[PDB]
């Protein structure tokens, strides 16, 4: 019953083959990426066409960054094992706040009212953007069963898209119910990426350009970001 979507590549853009993508979004014509880079973690503003960095901060050695999302004129970021997050001004990525949260923090996105965070479990949390505390909590299910390993997130036209860690699939989640209503199958997309680096890591990172309706997907150490369209299979 859950429709499956196949992809068509519209464009491929260069992606840093050393970049362990942990957070990824599109804003004001650019990509913003939270990356692990050889043991340390950075937040970068990236030119889409060239994949080159325009602006970057490197987090303190005590912290390792995970999901990031814009909120108004801020960027909000999660961490790997710190149980805390950060808020930066978007202009110069100056840190303005730290906040605590429960458990782990993997992917982060937002809709018009809330930040939405995953943590590698089936559970998604909707944060009040001022208090940065959970005001709604939902459990994600596919075929009526809990779906764990939810990672990078993106709000796309009223749905929550999520990477499922260790797979080449992206689930489309009904935000009212937590039910998976569609599955995007990206298996085989690496065969269309050109020469691959060694090592290479997993699919992870979804961004959405609301103005032009461009959907972008990438992965850890992946040599490309793909702009893709979707068609329902069968």
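Numbering follows the first chain given and starts at 1.
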Identify the stretch, either 141 to 149 or 116 to 124, whose C-alpha atoms have the larger mean B-factor according to the entry.
-> 141 to 149
Given the B-factors recorded for C-alpha atoms, which segment has the greater mean, 154 to 162 or 94 to 102?
-> 94 to 102
Looking at 11, 220, 214, 15, which has the highest CA B-factor as recorded?
-> 11
Whose CA atom has the top B-factor in the entry, of 67, 182, 205, 175?
-> 175
By the record's CA B-factor, is residue 26 among the lowest, middle or highest third of residues in the chain?
-> lowest
Sorting the chain's CA B-factors, does residue 201 end up in the lowest, middle or highest third?
-> middle
Residue 35: which third of its chain by C-alpha temperature factor?
-> middle
Would you check the entry's CA temperature factor for residue 84 and let me know if it's in the chain's lowest, middle or highest third?
-> highest
Taking the entry's C-alpha B-factors for this chain, is residue 170 in the lowest, middle or highest third?
-> lowest
